[PDB]
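Here's the structure we're looking at; comments come further down.
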Amino acid sequence: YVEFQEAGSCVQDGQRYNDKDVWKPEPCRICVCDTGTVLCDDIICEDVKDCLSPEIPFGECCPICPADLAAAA
(Lines give C-alpha, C1' and ligand atoms only; values in the text may rest on other atoms or scores of the structure.)
Protein backbone atom coordinates (compact mmCIF):
# COMPACT_ATOMS: atom_id res chain seq x y z
CA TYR A 1 0.00 0.00 0.00
CA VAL A 2 2.60 2.50 1.14
CA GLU A 3 4.71 2.00 -1.97
CA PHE A 4 5.87 -1.59 -1.61
CA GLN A 5 8.61 -3.39 -3.50
CA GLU A 6 8.18 -6.79 -5.11
CA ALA A 7 10.19 -8.70 -7.69
CA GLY A 8 13.11 -7.11 -9.49
CA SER A 9 12.20 -7.68 -13.12
CA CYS A 10 10.11 -4.92 -14.65
CA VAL A 11 7.27 -5.50 -17.08
CA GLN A 12 7.30 -2.91 -19.84
CA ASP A 13 4.67 -3.54 -22.50
CA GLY A 14 5.28 -7.19 -21.70
CA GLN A 15 9.06 -7.05 -21.79
CA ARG A 16 11.12 -8.42 -18.92
CA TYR A 17 13.98 -6.03 -18.25
CA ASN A 18 16.62 -5.81 -15.55
CA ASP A 19 16.54 -3.23 -12.78
CA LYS A 20 19.94 -1.72 -13.47
CA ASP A 21 18.88 -1.93 -17.09
CA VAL A 22 17.73 1.29 -18.72
CA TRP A 23 15.31 1.70 -21.60
CA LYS A 24 14.29 4.86 -23.42
CA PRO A 25 10.60 4.70 -24.35
CA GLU A 26 10.50 8.34 -25.38
CA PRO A 27 13.19 10.67 -26.75
CA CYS A 28 11.80 13.27 -24.38
CA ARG A 29 11.29 10.94 -21.44
CA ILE A 30 13.56 8.21 -20.12
CA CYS A 31 12.56 5.20 -18.05
CA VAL A 32 14.60 2.92 -15.81
CA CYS A 33 13.85 0.01 -13.52
CA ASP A 34 15.78 1.44 -10.60
CA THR A 35 15.39 -0.68 -7.49
CA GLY A 36 13.06 -2.91 -9.48
CA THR A 37 10.85 0.13 -9.93
CA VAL A 38 10.21 1.79 -13.26
CA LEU A 39 11.19 5.37 -12.51
CA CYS A 40 10.54 7.74 -15.38
CA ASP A 41 12.18 11.15 -15.30
CA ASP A 42 12.02 14.05 -17.73
CA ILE A 43 14.90 14.54 -20.13
CA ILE A 44 16.89 17.41 -18.67
CA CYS A 45 19.46 18.59 -21.19
CA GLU A 46 22.35 20.93 -20.52
CA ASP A 47 21.58 24.53 -19.63
CA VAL A 48 22.28 27.27 -17.12
CA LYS A 49 21.99 27.13 -13.34
CA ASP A 50 20.52 30.25 -11.79
CA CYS A 51 18.18 30.84 -14.72
CA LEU A 52 14.63 31.65 -13.69
CA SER A 53 12.05 29.06 -14.65
CA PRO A 54 12.05 25.90 -16.78
CA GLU A 55 10.28 26.20 -20.11
CA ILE A 56 10.13 24.00 -23.19
CA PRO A 57 10.65 25.90 -26.45
CA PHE A 58 7.89 24.88 -28.83
CA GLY A 59 8.50 21.15 -28.90
CA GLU A 60 11.75 19.68 -27.63
CA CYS A 61 12.91 17.09 -25.12
CA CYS A 62 14.20 19.46 -22.46
CA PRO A 63 11.38 21.04 -20.45
CA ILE A 64 13.83 23.47 -18.89
CA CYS A 65 15.43 26.85 -19.51
CA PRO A 66 18.53 26.62 -21.71
CA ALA A 67 21.61 28.79 -21.34
CA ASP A 68 21.52 31.14 -24.31
CA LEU A 69 18.25 33.04 -24.37
CA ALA A 70 17.93 35.69 -21.68
CA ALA A 71 21.26 35.27 -19.93
CA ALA A 72 22.50 37.20 -16.93
CA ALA A 73 25.85 38.93 -16.57
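Just remember, in the C-alpha coordinates the first chain shown is A, the second B, etc., residues are 1-based per chain, and ligands are 1-based in the order shown.
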Near stretch 7-18 of chain A, within 10 Å and counting only C-alpha atoms, which residues show up once chain neighbours fewer than 6 positions away are dropped, as a PyMOL selection string? chain A and resi 25+31-38
Just to be explicit: take each residue in the selection above, keep N, CA and C atoms, and write the result as a CSV table (one decimal), in the first residue's frame.
```csv
chain,number,residue,atom,x,y,z
A,25,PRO,N,11.9,4.8,-23.6
A,25,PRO,CA,10.6,4.7,-24.3
A,25,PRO,C,10.3,5.9,-25.2
A,31,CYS,N,13.1,6.1,-19.1
A,31,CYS,CA,12.6,5.2,-18.0
A,31,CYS,C,13.7,4.2,-17.6
A,32,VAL,N,13.6,3.8,-16.4
A,32,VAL,CA,14.6,2.9,-15.8
A,32,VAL,C,14.0,2.1,-14.7
A,33,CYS,N,14.4,0.9,-14.6
A,33,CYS,CA,13.8,0.0,-13.5
A,33,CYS,C,14.8,0.1,-12.3
A,34,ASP,N,14.9,1.2,-11.7
A,34,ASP,CA,15.8,1.4,-10.6
A,34,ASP,C,15.1,0.8,-9.3
A,35,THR,N,15.9,0.0,-8.7
A,35,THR,CA,15.4,-0.7,-7.5
A,35,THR,C,14.2,-1.6,-7.8
A,36,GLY,N,14.2,-2.1,-9.0
A,36,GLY,CA,13.1,-2.9,-9.5
A,36,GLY,C,11.8,-2.1,-9.8
A,37,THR,N,12.0,-0.8,-9.7
A,37,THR,CA,10.8,0.1,-9.9
A,37,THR,C,11.1,0.9,-11.2
A,38,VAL,N,10.1,1.1,-12.0
A,38,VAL,CA,10.2,1.8,-13.3
A,38,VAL,C,10.1,3.3,-13.0
```
Do you know which residues are at most 12 Å from stretch 51-59 of chain A counting only C-alpha atoms, after dropping those on the same chain fewer than 5 positions away, and could you put them as a VMD selection string? chain A and resid 27 to 28 42 to 45 64 to 73
Export, as a PDB file, in the first residue's frame, the selected residues with N, CA and C atoms.
```pdb
ATOM      1  N   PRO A  27      11.996   9.859 -26.565  1.00  0.00           N
ATOM      2  CA  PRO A  27      13.190  10.668 -26.746  1.00  0.00           C
ATOM      3  C   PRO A  27      13.121  11.945 -25.909  1.00  0.00           C
ATOM      4  N   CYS A  28      12.004  12.100 -25.215  1.00  0.00           N
ATOM      5  CA  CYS A  28      11.802  13.268 -24.375  1.00  0.00           C
ATOM      6  C   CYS A  28      11.702  12.804 -22.921  1.00  0.00           C
ATOM      7  N   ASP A  42      11.951  13.198 -16.555  1.00  0.00           N
ATOM      8  CA  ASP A  42      12.015  14.051 -17.730  1.00  0.00           C
ATOM      9  C   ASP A  42      13.457  14.108 -18.236  1.00  0.00           C
ATOM     10  N   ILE A  43      13.591  14.447 -19.510  1.00  0.00           N
ATOM     11  CA  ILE A  43      14.904  14.539 -20.126  1.00  0.00           C
ATOM     12  C   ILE A  43      15.444  15.961 -19.952  1.00  0.00           C
ATOM     13  N   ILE A  44      16.300  16.115 -18.953  1.00  0.00           N
ATOM     14  CA  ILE A  44      16.892  17.412 -18.671  1.00  0.00           C
ATOM     15  C   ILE A  44      18.232  17.524 -19.401  1.00  0.00           C
ATOM     16  N   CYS A  45      18.250  18.382 -20.410  1.00  0.00           N
ATOM     17  CA  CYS A  45      19.457  18.591 -21.193  1.00  0.00           C
ATOM     18  C   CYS A  45      20.263  19.718 -20.541  1.00  0.00           C
ATOM     19  N   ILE A  64      13.102  22.604 -19.799  1.00  0.00           N
ATOM     20  CA  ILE A  64      13.835  23.473 -18.893  1.00  0.00           C
ATOM     21  C   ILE A  64      14.284  24.726 -19.649  1.00  0.00           C
ATOM     22  N   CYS A  65      14.946  25.612 -18.920  1.00  0.00           N
ATOM     23  CA  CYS A  65      15.433  26.849 -19.506  1.00  0.00           C
ATOM     24  C   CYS A  65      16.904  26.658 -19.880  1.00  0.00           C
ATOM     25  N   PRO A  66      17.178  26.773 -21.207  1.00  0.00           N
ATOM     26  CA  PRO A  66      18.532  26.616 -21.708  1.00  0.00           C
ATOM     27  C   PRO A  66      19.382  27.848 -21.389  1.00  0.00           C
ATOM     28  N   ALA A  67      20.683  27.702 -21.598  1.00  0.00           N
ATOM     29  CA  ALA A  67      21.609  28.790 -21.339  1.00  0.00           C
ATOM     30  C   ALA A  67      22.021  29.431 -22.666  1.00  0.00           C
ATOM     31  N   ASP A  68      21.252  30.435 -23.064  1.00  0.00           N
ATOM     32  CA  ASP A  68      21.522  31.138 -24.307  1.00  0.00           C
ATOM     33  C   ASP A  68      20.559  32.318 -24.441  1.00  0.00           C
ATOM     34  N   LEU A  69      19.280  32.019 -24.269  1.00  0.00           N
ATOM     35  CA  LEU A  69      18.252  33.042 -24.367  1.00  0.00           C
ATOM     36  C   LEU A  69      18.012  33.653 -22.986  1.00  0.00           C
ATOM     37  N   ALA A  70      18.129  34.970 -22.929  1.00  0.00           N
ATOM     38  CA  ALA A  70      17.929  35.685 -21.681  1.00  0.00           C
ATOM     39  C   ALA A  70      18.950  35.201 -20.649  1.00  0.00           C
ATOM     40  N   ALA A  71      20.185  35.645 -20.832  1.00  0.00           N
ATOM     41  CA  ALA A  71      21.257  35.265 -19.929  1.00  0.00           C
ATOM     42  C   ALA A  71      21.636  36.466 -19.061  1.00  0.00           C
ATOM     43  N   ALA A  72      22.103  36.162 -17.858  1.00  0.00           N
ATOM     44  CA  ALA A  72      22.502  37.202 -16.926  1.00  0.00           C
ATOM     45  C   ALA A  72      24.011  37.432 -17.040  1.00  0.00           C
ATOM     46  N   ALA A  73      24.442  38.577 -16.528  1.00  0.00           N
ATOM     47  CA  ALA A  73      25.853  38.928 -16.567  1.00  0.00           C
ATOM     48  C   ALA A  73      26.666  37.834 -15.872  1.00  0.00           C
TER      49      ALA A  73
END
```
As a PDB file with N, CA, C and O atoms, in the first residue's frame, please: every residue in chain A that a backbone DSSP assignment puts in strand (DSSP E or B).
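Here's the written file part13.pdb:
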```pdb
ATOM      1  N   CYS A  10      11.119  -5.936 -14.377  1.00  0.00           N
ATOM      2  CA  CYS A  10      10.114  -4.921 -14.647  1.00  0.00           C
ATOM      3  C   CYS A  10       9.402  -5.289 -15.951  1.00  0.00           C
ATOM      4  O   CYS A  10      10.047  -5.651 -16.935  1.00  0.00           O
ATOM      5  N   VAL A  11       8.082  -5.181 -15.917  1.00  0.00           N
ATOM      6  CA  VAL A  11       7.275  -5.495 -17.084  1.00  0.00           C
ATOM      7  C   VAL A  11       6.944  -4.204 -17.834  1.00  0.00           C
ATOM      8  O   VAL A  11       6.192  -3.368 -17.337  1.00  0.00           O
ATOM      9  N   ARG A  16      10.402  -8.231 -20.172  1.00  0.00           N
ATOM     10  CA  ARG A  16      11.115  -8.416 -18.921  1.00  0.00           C
ATOM     11  C   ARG A  16      12.514  -7.801 -19.011  1.00  0.00           C
ATOM     12  O   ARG A  16      13.371  -8.304 -19.737  1.00  0.00           O
ATOM     13  N   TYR A  17      12.700  -6.722 -18.264  1.00  0.00           N
ATOM     14  CA  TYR A  17      13.980  -6.034 -18.251  1.00  0.00           C
ATOM     15  C   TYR A  17      14.594  -6.045 -16.850  1.00  0.00           C
ATOM     16  O   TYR A  17      13.891  -6.248 -15.862  1.00  0.00           O
ATOM     17  N   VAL A  22      18.378   0.024 -18.411  1.00  0.00           N
ATOM     18  CA  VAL A  22      17.732   1.288 -18.720  1.00  0.00           C
ATOM     19  C   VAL A  22      17.192   1.243 -20.151  1.00  0.00           C
ATOM     20  O   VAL A  22      17.893   0.822 -21.070  1.00  0.00           O
ATOM     21  N   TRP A  23      15.951   1.684 -20.295  1.00  0.00           N
ATOM     22  CA  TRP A  23      15.308   1.699 -21.599  1.00  0.00           C
ATOM     23  C   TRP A  23      14.720   3.095 -21.819  1.00  0.00           C
ATOM     24  O   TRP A  23      14.214   3.714 -20.883  1.00  0.00           O
ATOM     25  N   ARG A  29      11.416  11.519 -22.762  1.00  0.00           N
ATOM     26  CA  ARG A  29      11.291  10.939 -21.437  1.00  0.00           C
ATOM     27  C   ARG A  29      12.026   9.599 -21.372  1.00  0.00           C
ATOM     28  O   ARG A  29      11.880   8.764 -22.262  1.00  0.00           O
ATOM     29  N   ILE A  30      12.800   9.435 -20.309  1.00  0.00           N
ATOM     30  CA  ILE A  30      13.558   8.210 -20.116  1.00  0.00           C
ATOM     31  C   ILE A  30      12.936   7.404 -18.976  1.00  0.00           C
ATOM     32  O   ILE A  30      12.334   7.972 -18.066  1.00  0.00           O
ATOM     33  N   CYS A  31      13.100   6.092 -19.062  1.00  0.00           N
ATOM     34  CA  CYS A  31      12.562   5.201 -18.047  1.00  0.00           C
ATOM     35  C   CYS A  31      13.668   4.234 -17.621  1.00  0.00           C
ATOM     36  O   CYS A  31      14.526   3.874 -18.425  1.00  0.00           O
ATOM     37  N   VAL A  32      13.613   3.842 -16.358  1.00  0.00           N
ATOM     38  CA  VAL A  32      14.598   2.924 -15.814  1.00  0.00           C
ATOM     39  C   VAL A  32      13.977   2.140 -14.657  1.00  0.00           C
ATOM     40  O   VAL A  32      13.186   2.685 -13.887  1.00  0.00           O
ATOM     41  N   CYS A  33      14.357   0.875 -14.569  1.00  0.00           N
ATOM     42  CA  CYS A  33      13.847   0.010 -13.518  1.00  0.00           C
ATOM     43  C   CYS A  33      14.818   0.065 -12.337  1.00  0.00           C
ATOM     44  O   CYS A  33      15.457  -0.932 -12.006  1.00  0.00           O
ATOM     45  N   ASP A  34      14.899   1.243 -11.733  1.00  0.00           N
ATOM     46  CA  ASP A  34      15.782   1.440 -10.596  1.00  0.00           C
ATOM     47  C   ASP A  34      15.133   0.847  -9.343  1.00  0.00           C
ATOM     48  O   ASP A  34      14.005   1.196  -8.999  1.00  0.00           O
ATOM     49  N   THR A  37      11.954  -0.777  -9.654  1.00  0.00           N
ATOM     50  CA  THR A  37      10.850   0.128  -9.926  1.00  0.00           C
ATOM     51  C   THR A  37      11.123   0.936 -11.197  1.00  0.00           C
ATOM     52  O   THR A  37      12.233   1.426 -11.397  1.00  0.00           O
ATOM     53  N   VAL A  38      10.092   1.051 -12.019  1.00  0.00           N
ATOM     54  CA  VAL A  38      10.207   1.792 -13.264  1.00  0.00           C
ATOM     55  C   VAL A  38      10.051   3.287 -12.979  1.00  0.00           C
ATOM     56  O   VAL A  38       8.936   3.802 -12.941  1.00  0.00           O
ATOM     57  N   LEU A  39      11.188   3.941 -12.787  1.00  0.00           N
ATOM     58  CA  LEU A  39      11.192   5.367 -12.507  1.00  0.00           C
ATOM     59  C   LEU A  39      11.431   6.137 -13.808  1.00  0.00           C
ATOM     60  O   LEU A  39      12.473   5.984 -14.441  1.00  0.00           O
ATOM     61  N   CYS A  40      10.447   6.947 -14.166  1.00  0.00           N
ATOM     62  CA  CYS A  40      10.535   7.742 -15.379  1.00  0.00           C
ATOM     63  C   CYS A  40      10.788   9.199 -14.983  1.00  0.00           C
ATOM     64  O   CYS A  40      10.060   9.758 -14.163  1.00  0.00           O
ATOM     65  N   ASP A  41      11.821   9.771 -15.583  1.00  0.00           N
ATOM     66  CA  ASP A  41      12.177  11.152 -15.302  1.00  0.00           C
ATOM     67  C   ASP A  41      12.297  11.921 -16.620  1.00  0.00           C
ATOM     68  O   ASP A  41      12.690  11.356 -17.639  1.00  0.00           O
ATOM     69  N   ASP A  42      11.951  13.198 -16.555  1.00  0.00           N
ATOM     70  CA  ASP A  42      12.015  14.051 -17.730  1.00  0.00           C
ATOM     71  C   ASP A  42      13.457  14.108 -18.236  1.00  0.00           C
ATOM     72  O   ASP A  42      14.394  13.850 -17.482  1.00  0.00           O
TER      73      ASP A  42
END
```
With distances taken over only C-alpha atoms, which residue among A:24, A:19, A:61, A:47 lies nearest residue A:6?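 Closest to residue A:6, using only C-alpha atoms: A:19.
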